[PDB]
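First comes the structure, then the notes that go with it.
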Amino acid sequence: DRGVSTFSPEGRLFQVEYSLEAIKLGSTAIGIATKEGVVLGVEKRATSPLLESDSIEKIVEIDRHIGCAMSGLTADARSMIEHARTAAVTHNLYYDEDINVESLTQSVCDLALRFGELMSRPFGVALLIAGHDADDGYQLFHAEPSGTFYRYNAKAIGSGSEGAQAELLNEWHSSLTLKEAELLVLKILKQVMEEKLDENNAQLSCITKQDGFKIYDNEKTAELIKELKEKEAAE
Amino acid sequence: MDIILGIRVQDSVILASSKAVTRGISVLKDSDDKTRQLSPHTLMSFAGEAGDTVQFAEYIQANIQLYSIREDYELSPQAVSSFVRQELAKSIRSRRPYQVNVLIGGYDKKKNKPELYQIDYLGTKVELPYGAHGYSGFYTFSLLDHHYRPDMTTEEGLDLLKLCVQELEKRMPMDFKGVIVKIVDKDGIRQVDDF
Amino acid sequence: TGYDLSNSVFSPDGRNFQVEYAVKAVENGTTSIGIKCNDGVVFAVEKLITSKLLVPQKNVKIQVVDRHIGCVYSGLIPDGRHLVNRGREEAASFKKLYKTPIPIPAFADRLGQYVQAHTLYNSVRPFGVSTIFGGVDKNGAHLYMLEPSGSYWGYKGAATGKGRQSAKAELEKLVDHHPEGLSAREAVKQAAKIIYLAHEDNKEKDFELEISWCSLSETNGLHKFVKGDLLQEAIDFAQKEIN
Amino acid sequence: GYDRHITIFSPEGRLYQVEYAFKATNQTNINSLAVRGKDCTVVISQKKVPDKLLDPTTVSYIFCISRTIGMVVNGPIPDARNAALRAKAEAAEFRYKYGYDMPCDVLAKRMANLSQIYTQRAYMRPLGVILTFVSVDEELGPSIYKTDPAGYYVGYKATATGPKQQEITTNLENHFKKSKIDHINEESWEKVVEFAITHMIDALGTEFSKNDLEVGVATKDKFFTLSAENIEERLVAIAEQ
Amino acid sequence: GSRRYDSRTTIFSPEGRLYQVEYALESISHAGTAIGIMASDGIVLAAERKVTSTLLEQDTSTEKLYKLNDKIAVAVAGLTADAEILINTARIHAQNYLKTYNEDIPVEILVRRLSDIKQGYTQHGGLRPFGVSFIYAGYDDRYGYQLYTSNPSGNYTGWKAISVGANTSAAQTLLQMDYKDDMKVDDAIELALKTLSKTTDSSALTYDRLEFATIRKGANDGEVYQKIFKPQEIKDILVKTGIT
Amino acid sequence: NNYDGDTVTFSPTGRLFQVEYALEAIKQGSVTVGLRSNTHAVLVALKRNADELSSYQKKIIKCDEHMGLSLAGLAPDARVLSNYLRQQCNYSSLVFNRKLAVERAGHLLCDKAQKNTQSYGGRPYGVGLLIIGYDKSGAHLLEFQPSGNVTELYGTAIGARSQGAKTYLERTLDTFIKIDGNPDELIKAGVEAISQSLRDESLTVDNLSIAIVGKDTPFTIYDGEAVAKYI
Amino acid sequence: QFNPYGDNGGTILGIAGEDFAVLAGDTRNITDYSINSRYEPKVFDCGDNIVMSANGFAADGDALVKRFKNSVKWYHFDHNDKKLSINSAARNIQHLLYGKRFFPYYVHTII
Amino acid sequence: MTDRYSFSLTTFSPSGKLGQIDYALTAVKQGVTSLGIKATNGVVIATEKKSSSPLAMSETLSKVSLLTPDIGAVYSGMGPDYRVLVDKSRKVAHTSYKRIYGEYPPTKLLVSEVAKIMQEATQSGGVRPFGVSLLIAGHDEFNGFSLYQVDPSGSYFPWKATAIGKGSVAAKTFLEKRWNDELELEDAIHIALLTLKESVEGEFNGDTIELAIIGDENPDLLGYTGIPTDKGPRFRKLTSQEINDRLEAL
Amino acid sequence: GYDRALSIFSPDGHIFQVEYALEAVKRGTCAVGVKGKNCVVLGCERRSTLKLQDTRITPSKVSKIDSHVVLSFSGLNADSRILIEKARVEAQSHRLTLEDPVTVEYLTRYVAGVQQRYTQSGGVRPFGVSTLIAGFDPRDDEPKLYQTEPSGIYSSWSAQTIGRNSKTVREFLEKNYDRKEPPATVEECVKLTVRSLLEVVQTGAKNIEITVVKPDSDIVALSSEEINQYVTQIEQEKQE
């Protein structure tokens with residue numbers, strides 16, 4: 001074959017680049033970061049009408065002040081989430097304080113490149129880590145299996161991402177309210193999803209300094225889809 | 001903790017186990033069941049050092065319950081007693097040995113006969129018509145040697161036990177706050193809900 | 001073929017092509033020499049100046065091992081450093097058990113066995129350096145040269161890198177035209193000249209000269225660097241001989 | 001054909017890496033010879049110092065393994081020194097454990113067993129050397145035992161190794177077919193050395209100066225190598241024919 | 001590095017088969033046929049040897065039929081050497097159970113552990129699987145008489161009658177034809193031989209190319225005897241059934 | 001070709017292709033500049049955003065109060081090597097009560113990188129570093145290259161189009177080397193040098209990163225509103 | 001038998017004000033009836049506006065102060081130069097001390 | 001990073017062949033002819049001592065090896081592989097039998113151990129099979145005299161008489177003609193010397209032929225007296241002279 | 001220990017060893033699970049390339065993990081035993097430390113975790129097995145049916161099928177299972193399960209196996225006897 005930790009003549013790691021292809025095949029995930037909170041949204045993409053859609057868990061809690069959306073080989077994220085939760089709870093035990101969102105992300109990203117002849121291959125999943133801390137306020141991070149993480153005002157990952165990202169480039173301004181961001185995530189999901197967006201094949205969540213990280217119930221999201229469809233009829 | 005008794009009658013095994021749990025100066029509890037059900041027709045009573053007793057009992061229980069699931073079959077009381085002996089005989093040369101004595105009362109459904117096994121913390125096993133651990137034996141073995149008969153009914157066995165518990169309550173310095181009694185027969189395990 | 005893709009594989013000739021490929025990386029390197037003198041040894045090396053952004057005097061290439069042994073090498077510099085680090089562990093361990101500082105022949109075989117060991121397995125790469133080393137022990141002066149194969153011998157003089165052939169020929173002259181012996185201070189000047197003569201082949205960039213020496217009379221049997229005045233004397237002697 | 005790269009069998013039941021290790025044996029282009037006296041074992045090897053920059057004293061393929069055992073190597077020097085250091089370590093360890101000096105043939109067997117392992121285990125390459133062990137063993141008398149990359153070893157009346165090995169062998173074969181004995185029937189080691197050098201000159205058809213030869217001698221309780229002068233003395237005596 | 005020379009013995013084909021398991025099964029298909037037949041009152045093990053030479057020591061020998069404990073025996077098809085490794089493992093595993101529970105090991109539990117070992121060699125370790133298929137003939141006091149087979153895959157299944165090794169397709173058809181549930185041991189013995197007679201790859205099926213064993217109820221009632229037939233007894237049972 | 005399969009294999013010309021490929025990841029990396037007088041040592045690093053919605057990848061890491069580096073290439077490798085350096089600085093401090101020489105930091109980094117290039121199943125580091133530090137022998141600048149080659153310089157630049165800045169510094173050598181006692185003038189020279197390596201886009205407030213260490217200056221990082229003064 | 005512990009005496013005192021705090025200690029270091037030093041400070045600035053003293057066995061005291069000062073340094077490195085809260089420092093020191101639960105630091109620590 | 005070869009170098013081919021065992025058997029085929037014969041009151045194993053050089057002292061290279069006082073081994077194929085197998089066979093006879101039961105293992109049990117070692121080289125990571133076939137001749141109190149063959153696979157079979165290596169096909173035919181179940185040991189030695197002449201090209205005398213018997217107990221070879229139940233080794237190597245004595249009546 | 005990375009990424013971003021593990025499942029004998037309103041039923045095809053089987057002693061295709069949870073599978077039979085054993089140990093371990101039997105979701109999540117671990121561990125191939133895990137959480141009467149696959153992803157299903165010709169019977173259940181109207185009775189759920197197998201299963205002979213799990217550890221398997229009575233009944237309902 002050839003080494004698992006070998007460089008291409010371009011100077012990139014083959015196995016890292018190939019994992020990035022797996023993430024492009026994954027269901028869409030969008031994050032928007034506002035001064036009123038950070039919103040996480042995902043395409044659920046049930047592979048058949050018989051599978052119970054609310055058993056699809058692609059948005060996940062890490063601590064009360066940190067949430068996580070995933071896209072790619074979602075089974076690979078089990079151990080990433082486990083490490084993140086352990087890191088967050090452990091830091092609280094050692095320092096009697098909430099652990100910074102950047103520090104949490106950096107800890108998760110340290111796993112990523114610990115592979116080769118430690119795990120056998122890189123992770124086949126990208127994470128949108130969203131949280132609040134006192135020092136740097138509301139934050140969205142993109143954690144790749146390359147070990148690199150970027151901070152974003154808004155970011156899309158998965159199959160819809162190329163179009164969704166150019167769409168976020170347009171509509172994001174520094175004065176977005178939370179309600180606007182919720183609608184804006186629904187809008188861009190509906191726009192890139194194959195099947196038609198309802199409250200069963202898509203899911204919302206936010207993190208506020210006040211109420212922490214909450215996954216929205218299907219009833220709450222359904223009324224935001226109504227609000228979206230009504231809004232776009234106007235003008 | 002303190003007193004644990006067993007007697008095999010015609011077609012059942014009766015285990016009586018003291019209810020007291022004493023932490024130095026104070027009796028912390030007066031309703032402690034010093035027993036685990038290992039399988040539907042096998043019961044183990046235990047007495048010895050604090051923590052070790054329950055840790056060992058629950059460890060054996062889990063192992064026997066795992067065997068039951070794997071084979072969809074209940075191990076004979078002989079087989080369970082042989083397993084438990086080996087675990088103790090293992091532990092006696094450990095860095096920190098299990099400090100636990102046990103009675104295993106089981107009804108062998110394959111042979112339709114009740115069996116009582118007495119195993120001490122060294123891994124010393126014997127099949128007995130009647131057995132006890134620690135100081136219990138010194139008071140009760142004289143009564144059982146006299147009154148016991150291999151063909152006694154369950155109620156006869158309970159009466160002979162009532163006599164044993166009375167002698168202990170008369171001559172034991174320690175107040176063991178009475179016994180919980182349990183019967184193991186062809187229909188399984190039930191608790192005589194007062195004495 | 002396929003015989004040259006894996007280290008420690010014998011070709012049908014009976015050669016280890018990966019060791020021979022290692023030698024190419026050595027030949028590709030800057031020129032380095034050792035001159036064995038009356039009561040000591042002299043080491044000199046060619047340092048190419050990529051840019052006047054190189055701080056002069058400040059990118060030292062000659063390495064001391066213990067207190068009485070000099071090492072210089074041509075080819076992959078990191079590989080050389082890794083070999084010296086091992087040489088230092090070997091010399092410290094020898095001193096620890098036997099109290100006496102490691103004799104040069106004994107020290108040569110410690111590097112010899114280590115370098116040879118990296119030709120025994122497909123899971124390691126051979127050393128990309130030829131190493132010229134030596135110093136003063138209780139039996140007088142010793143100069144040695146070691147190659148990626150693990151092959152080493154004692155030398156009157158030795159050279160490796162790009163300018164190895166000019167140096168080799170210039171060393172051969174001295175051995176003939178000074179048969180009874182060359183003095184420590186003589187060998188320092190001669191070393192400077194031969195590096196300047198062998199700079200013919202790395203003509204492209206201009207260079208910085210670096211000399212060290214280990215002499216029983218001149219340095220008390222310790223390895224010291226030729227700095228300041230005696231350096232400038234040997235640089236001047238060399239400038240005169242390329243005219 | 002990856003059965004050519006590691007020590008696994010070829011379809012015709014061959015280990016090519018072992019065969020190619022034997023070819024590396026002759027890479028130095030040196031010929032060695034060993035004979036037995038009554039009292040001694042003599043080993044002679046060609047000494048070739050092509051480079052004038054080399055210190056000729058440091059150029060040797062003869063090794064003092066123990067007080068009593070000497071070893072000459074046909075093959076590249078790095079593998080030679082690897083083998084020498086190992087045999088030195090093995091002969092010292094033997095003495096410590098068993099309370100007597102390691103015999104020539106036992107060290108030969110031990111080094112041969114080590115060689116055998118490299119032919120069976122894949123991650124170890126065989127060493128490209130043939131090891132000729134000589135002593136005056138306290139039980140067996142003068143002894144020659146030789147080891148190859150295959151892990152083969154045997155005792156010899158006399159032996160030769162190198163490119164011109166076959167010529168030196170038949171030359172010695174003929175002397176023994178004639179003389180009709182196991183050994184060189186000679187009193188002094190000096191005259192067994194003279195015999196060895198003589199029959200090397202005849203078989204190779206070339207003449208030797210004092211710096212063209214390397215000589216080792218095994219006697220009761222010491223094996224030693226001759227200096228340039230000890231050889232020069234010995235060459236001068238050979239002139240009287 | 002060393003990756004170059006690695007066959008990868010534990011990977012899937014694009015069809016989702018285990019290359020090395022399939023090739024090991026191919027290996028076993030060239031091995032001397034072994035037959036197991038389970039009667040109402042016992043089990044028969046019969047095995048044909050790879051074409052014997054007349055100088056091969058006939059009597060003091062057992063290359064095909066091995067004893068695991070007093071109540072369990074196996075017939076081997078494949079590499080004898082690979083089989084003996086697994087057999088010694090099984091013999092120990094049986095003795096471990098007896099020491100732990102003071103009861104003879106149930107036949108299936110022994111069969112499962114041996115099958116679980118084989119399975120391991122197909123999923124991890126990068127070693128070749130064992131080129132061996134077993135027919136397990138045993139008795140326990142839960143299921144009475146039991147016939148099992150295990151193959152290099154680590155798969156095992158229960159049987160009324162089964163063959164392993166060469167010409168099993170031919171043999172399985174002949175057994176499927178003449179086998180019935182009420183059948184007694186002496187009938188099963190006769191069926192076993194008749195089957196090898198028809199599926200053997202040489203003309204004469206003589207005593208010297210046969211290993212034979214029975215696990216019978218026959219003893220002092222309630223206890224089980226295990227009989228590995230001496231060559232004279234195989235010659236007798238071959239003359240009795242009129243094959244010689 | 002066939003000799004780029006792993007780091008344990010030499011080419012017939014005698015090159016390590018896996019190392020050369022690692023070297024390649026640096027030139028794809030965003031430009032970073034190093035330069036120093038006798039009193040101060042400055043890092044200027046051009047930071048690269050993923051897109052318009054993303055943050056600007058931080059390129060400068062602090063190692064001790066007297067030492068720190070800028071990175072070009074794989075940031076995770078910069079994190080591992082900077083973290084290793086922090087430990088060595090910390091070890092020198094705790095055991096010997098001694099600020100670690102910048103020259104010794106270079107040797108330790110070289111020897112760590114080398115180990116990954118000589119044994120099977122490893123991989124070269126895919127990052128280049130510029131190490132500045134004020135130690136017991138004045139101001140120092142180092143260029144680390146994942147071949148293991150570490151070089152002490154007056155100034156340099158590494159990454160994409162870094163050749164521009166590297167020739168400017170090669171010209172301005174005698175100007176900047178004698179900016180002693182002035183922090184701002186030594187930084188300005190660095191911001192002018194990095195400008196030679198730009199095209200189309202040029203230095204905004206949140207794309208530019210400056211670090212300075214010196215005689216009476218702990219190694220400190222300037223970002224955002226605190227670099228507006230230099231644009 | 002080797003006794004790994006000693007007693008270097010000394011006394012320390014911490015008082016909390018409304019918008020200030022004092023941590024005081026004598027500067028005397030003793031063993032048995034001898035004075036080792038008349039000025040050997042045992043109250044240290046640890047940065048992030050935290051002062052610390054580990055009084056008792058000076059070797060264990062210096063070891064702990066040194067480890068906590070290092071803990072501060074790495075908190076800055078790992079959490080983007082964040083200021084270590086006095087409560088967060090307090091919890092960190094608990095883990096430092098309890099880390100050696102079965103071979104204690106023979107010191108009474110005040111921050 | 002030394003030994004990365006933790007995977008089998010012997011794998012099944014699509015045809016179901018194990019390549020490296022077949023190739024090892026090929027290597028044995030090339031080997032010098034060796035044979036063994038069971039008499040009623042003993043066993044004989046014999047082989048040719050093919051010399052590399054006439055200068056070689058072929059008494060030093062011993063192809064027939066004592067494993068226990070009552071068990072001997074001879075081989076065809078690769079001599080070095082045989083040498084290390086004899087060393088491991090001698091040691092395993094002690095470590096896993098004599099040090100437990102205080103007596104030497106019976107022939108089939110020691111054969112079983114040698115077979116096991118050879119099977120592991122057939123499956124263990126980073127090794128080739130042994131390139132030898134052994135003939136192991138021995139006696140034990142409860143089995144009497146026996147002769148076994150062990151192949152690179154680890155397979156072993158008992159023989160009345162057999163041969164391996166170069167001229168095995170030829171020699172096996174010769175032995176079939178001459179073998180009966182009523183051979184006295186002396187008769188089997190004579191037959192072994194006849195069978196071996198066929199395959200031997202060059203000189204055929206006591207110095208080119210290696211021959212050992214598992215026969216009667218040899219008190220003279222024991223080295224001590226005083227224990228009446230230790231009667232000494234049944235294994236005996238025939239001297240150069242003792243072989244030539246029988247080449248008269250040939 | 002053997003270190004080699006067997007499950008690695010391909011240029012198209014696929015892990016072939018995982019995808020090939022699914023091919024082994026595709027080949028596996030068909031298995032189906034159907035949620036009742038207060039029961040779950042596990043149906044299993046058993047191939048008839050062989051009779052002369054002994055079915056008292058042959059491994060049954062539905063395994064009890066605990067007294068309240070069962071696991072069926074499609075794919076490599078030997079591989080399934082290793083997952084079943086680990087799950088049974090984890091079930092007893094959960095009881096021992098939490099003092100409560102596993103939830104079906106937890107036991108699923110564990111088995112799924114084991115399967116995933118073997119997709120990024122050196123020297124191991126993924127499990128050639130997909131599983132249906134069915135049962136009732138302790139002191140709960142709401143039924144649970146989960147699926148796991150070699151990749152390690154798992155999810156809850158109203159009804160689901162795995163193994164050979166599963167696309168056929170998934171199409172059947174998609175057409176014949178109303179979520180608004182789950183099979184109310186036990187008999188109703190058992191019928192729909194057998195019907196879906198009879199699209200694929202050849203004969204009604206010893207080709208079908210049904211296991212029915214009710215709440216409070218009420219698990220019982222039907223004998224050919226009682227399945228034949230569904231096979232007989234559905235056959236006589238084809239008269240349109």
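Naming scheme: A, B, ... for chains in displayed order of the structure tokens; residues 1 onward per chain; ligands 1 onward as shown.
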
Quick one: residues within 9 Å of residue 143 in chain H, only C-alpha atoms, excluding same-chain residues fewer than 6 positions away - as a PyMOL selection string? (chain E and resi 60) or (chain H and resi 106-107)

Please produce a file of those selected residues containing C-alpha atoms, as a PDB file, in the first residue's frame.
ATOM      1  CA  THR E  60       0.360 -47.541  17.440  1.00  0.00           C
TER       2      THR E  60
ATOM      3  CA  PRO H 106       8.749 -41.411  25.458  1.00  0.00           C
ATOM      4  CA  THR H 107       9.624 -41.217  21.688  1.00  0.00           C
TER       5      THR H 107
END

Extract the full set of helix (DSSP H, G or I) residues from range 45-186 of chain E according to DSSP on the backbone, and format it as a VMD selection string. chain E and resid 80 to 101 107 to 123 168 to 178 185 to 186

I need the residues of range 28-159 of chain C that end up classed as strand (DSSP E) by DSSP on the backbone, written out as a PyMOL selection string. chain C and resi 32-36+40-48+63-65+69-75+129-137+140-146+152-154+157-159

Selected residues written out with N, CA and C atoms, as a short mmCIF file (atom, residue, chain, number, x, y, z; two decimals), in the first residue's frame:
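In the end it all went to part.cif:
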data_model
loop_
_atom_site.label_atom_id
_atom_site.label_comp_id
_atom_site.auth_asym_id
_atom_site.auth_seq_id
_atom_site.Cartn_x
_atom_site.Cartn_y
_atom_site.Cartn_z
N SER C 32 34.76 18.84 4.30
CA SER C 32 35.27 18.75 5.69
C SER C 32 36.51 17.86 5.70
N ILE C 33 37.51 18.20 6.52
CA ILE C 33 38.82 17.47 6.56
C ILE C 33 39.30 17.28 8.00
N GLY C 34 40.16 16.28 8.19
CA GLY C 34 41.00 16.09 9.38
C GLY C 34 42.45 15.91 8.98
N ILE C 35 43.37 16.62 9.65
CA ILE C 35 44.84 16.44 9.53
C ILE C 35 45.39 15.97 10.88
N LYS C 36 45.98 14.77 10.91
CA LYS C 36 46.70 14.22 12.08
C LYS C 36 48.12 14.80 12.09
N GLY C 40 48.80 15.52 18.04
CA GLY C 40 47.38 15.91 18.02
C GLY C 40 46.73 15.73 16.66
N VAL C 41 45.56 16.35 16.48
CA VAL C 41 44.76 16.33 15.22
C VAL C 41 44.18 17.73 15.00
N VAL C 42 43.89 18.08 13.75
CA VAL C 42 43.23 19.35 13.35
C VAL C 42 42.01 19.01 12.49
N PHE C 43 40.87 19.64 12.77
CA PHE C 43 39.61 19.52 12.01
C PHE C 43 39.29 20.89 11.41
N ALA C 44 38.88 20.91 10.13
CA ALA C 44 38.42 22.11 9.41
C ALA C 44 37.23 21.74 8.53
N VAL C 45 36.32 22.70 8.29
CA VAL C 45 35.08 22.48 7.49
C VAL C 45 34.74 23.75 6.70
N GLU C 46 34.13 23.56 5.53
CA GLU C 46 33.61 24.62 4.63
C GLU C 46 32.15 24.89 5.02
N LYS C 47 31.84 26.12 5.44
CA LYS C 47 30.46 26.58 5.76
C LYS C 47 29.98 27.54 4.67
N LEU C 48 29.13 27.08 3.76
CA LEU C 48 28.57 27.92 2.66
C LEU C 48 27.73 29.05 3.26
N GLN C 63 31.79 19.72 16.47
CA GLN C 63 31.20 19.31 17.77
C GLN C 63 32.27 18.61 18.61
N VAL C 64 32.32 18.92 19.90
CA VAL C 64 33.22 18.25 20.88
C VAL C 64 32.47 17.06 21.50
N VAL C 65 33.19 15.99 21.78
CA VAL C 65 32.64 14.79 22.46
C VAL C 65 33.54 14.60 23.68
N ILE C 69 37.82 15.15 22.41
CA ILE C 69 37.50 14.54 21.09
C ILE C 69 36.71 15.51 20.22
N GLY C 70 37.20 15.71 19.01
CA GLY C 70 36.55 16.56 18.00
C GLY C 70 35.86 15.71 16.94
N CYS C 71 34.65 16.10 16.54
CA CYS C 71 33.88 15.46 15.43
C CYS C 71 33.46 16.54 14.42
N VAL C 72 33.73 16.29 13.14
CA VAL C 72 33.21 17.10 12.01
C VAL C 72 32.66 16.11 10.98
N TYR C 73 31.64 16.52 10.22
CA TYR C 73 30.94 15.63 9.26
C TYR C 73 30.42 16.43 8.06
N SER C 74 30.22 15.71 6.95
CA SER C 74 29.68 16.24 5.67
C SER C 74 28.41 15.47 5.33
N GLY C 75 27.39 16.17 4.84
CA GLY C 75 26.11 15.59 4.38
C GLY C 75 24.94 16.14 5.16
N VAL C 129 25.76 10.85 6.55
CA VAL C 129 27.02 11.59 6.87
C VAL C 129 28.22 10.64 6.81
N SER C 130 29.36 11.16 6.34
CA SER C 130 30.72 10.66 6.66
C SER C 130 31.28 11.55 7.77
N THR C 131 31.77 10.94 8.85
CA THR C 131 32.21 11.64 10.09
C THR C 131 33.73 11.52 10.23
N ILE C 132 34.43 12.66 10.21
CA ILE C 132 35.88 12.75 10.53
C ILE C 132 36.00 13.19 11.99
N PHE C 133 36.61 12.36 12.83
CA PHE C 133 36.72 12.60 14.29
C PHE C 133 38.06 12.05 14.78
N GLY C 134 38.39 12.36 16.04
CA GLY C 134 39.62 11.91 16.71
C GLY C 134 40.05 12.87 17.81
N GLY C 135 41.21 12.60 18.41
CA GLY C 135 41.79 13.42 19.49
C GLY C 135 42.99 12.74 20.12
N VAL C 136 43.35 13.17 21.33
CA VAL C 136 44.56 12.71 22.08
C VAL C 136 44.11 11.82 23.24
N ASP C 137 44.54 10.55 23.24
CA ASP C 137 44.35 9.60 24.37
C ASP C 137 45.73 9.34 24.99
N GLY C 140 48.74 8.68 22.50
CA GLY C 140 49.01 9.75 21.52
C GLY C 140 47.79 10.07 20.67
N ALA C 141 48.01 10.64 19.49
CA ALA C 141 46.95 11.20 18.61
C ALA C 141 46.37 10.11 17.71
N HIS C 142 45.08 10.23 17.40
CA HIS C 142 44.32 9.35 16.48
C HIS C 142 43.34 10.19 15.66
N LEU C 143 43.41 10.10 14.33
CA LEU C 143 42.38 10.62 13.39
C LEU C 143 41.62 9.43 12.79
N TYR C 144 40.30 9.53 12.72
CA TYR C 144 39.39 8.49 12.19
C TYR C 144 38.41 9.13 11.20
N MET C 145 37.94 8.34 10.24
CA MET C 145 36.84 8.71 9.31
C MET C 145 35.88 7.52 9.18
N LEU C 146 34.59 7.79 9.35
CA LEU C 146 33.50 6.78 9.44
C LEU C 146 32.47 7.07 8.35
N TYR C 152 35.07 2.27 9.01
CA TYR C 152 35.99 3.32 9.52
C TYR C 152 37.42 2.77 9.51
N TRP C 153 38.40 3.66 9.34
CA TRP C 153 39.84 3.36 9.51
C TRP C 153 40.52 4.56 10.17
N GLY C 154 41.72 4.34 10.71
CA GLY C 154 42.63 5.42 11.13
C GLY C 154 43.28 6.05 9.91
N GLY C 157 45.63 11.68 7.07
CA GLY C 157 44.68 12.77 6.78
C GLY C 157 43.43 12.20 6.14
N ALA C 158 42.32 12.94 6.15
CA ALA C 158 41.03 12.48 5.59
C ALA C 158 40.17 13.68 5.19
N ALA C 159 39.28 13.46 4.21
CA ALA C 159 38.39 14.48 3.61
C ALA C 159 37.09 13.82 3.16
#

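Atom to atom, CA of residue 64 in chain B and CA of residue 95 in chain E stand 19.4 Å apart.
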
With 8 Å as the cut-off and only C-alpha atoms counted, what is the closest atom pair between each nearby residue of chain C and chain H? Distances in Å to one decimal, ordered by chain and number, as a tab-separated table.
residue	atom	partner	partner_atom	distance
C:121	CA	H:2	CA	6.6
C:123	CA	H:1	CA	5.6
C:124	CA	H:1	CA	6.9

Using only C-alpha atoms, determine which residues lie at most 7 Å from residue 34 in chain A, disregarding the query and same-chain residues fewer than 2 positions distant; provide the list as a ChimeraX atom specification. /A:32,36-38,138,176-178

Restrict the selected residues to N, CA and C atoms and save them as an mmCIF file, in the first residue's frame.
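Dumped everything to again-v3.cif:
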data_model
loop_
_atom_site.group_PDB
_atom_site.id
_atom_site.type_symbol
_atom_site.label_atom_id
_atom_site.label_comp_id
_atom_site.auth_asym_id
_atom_site.auth_seq_id
_atom_site.Cartn_x
_atom_site.Cartn_y
_atom_site.Cartn_z
ATOM 1 N N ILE A 32 -24.284 29.728 13.359
ATOM 2 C CA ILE A 32 -24.211 31.221 13.320
ATOM 3 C C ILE A 32 -23.994 31.723 14.753
ATOM 4 N N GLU A 36 -26.199 37.690 21.027
ATOM 5 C CA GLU A 36 -27.358 37.196 21.824
ATOM 6 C C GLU A 36 -27.296 35.672 22.004
ATOM 7 N N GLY A 37 -26.319 34.996 21.385
ATOM 8 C CA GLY A 37 -26.156 33.528 21.451
ATOM 9 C C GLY A 37 -25.590 32.949 20.166
ATOM 10 N N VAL A 38 -25.212 31.668 20.194
ATOM 11 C CA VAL A 38 -24.760 30.887 19.003
ATOM 12 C C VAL A 38 -25.826 29.837 18.678
ATOM 13 N N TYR A 138 -19.475 34.745 23.174
ATOM 14 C CA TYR A 138 -20.090 33.732 22.274
ATOM 15 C C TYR A 138 -19.127 33.393 21.132
ATOM 16 N N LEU A 176 -26.816 40.745 14.039
ATOM 17 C CA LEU A 176 -27.878 39.701 13.958
ATOM 18 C C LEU A 176 -28.415 39.434 15.364
ATOM 19 N N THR A 177 -29.738 39.393 15.531
ATOM 20 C CA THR A 177 -30.401 38.921 16.776
ATOM 21 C C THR A 177 -30.436 37.389 16.732
ATOM 22 N N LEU A 178 -30.748 36.737 17.857
ATOM 23 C CA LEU A 178 -30.831 35.254 17.939
ATOM 24 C C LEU A 178 -31.949 34.766 17.007
#
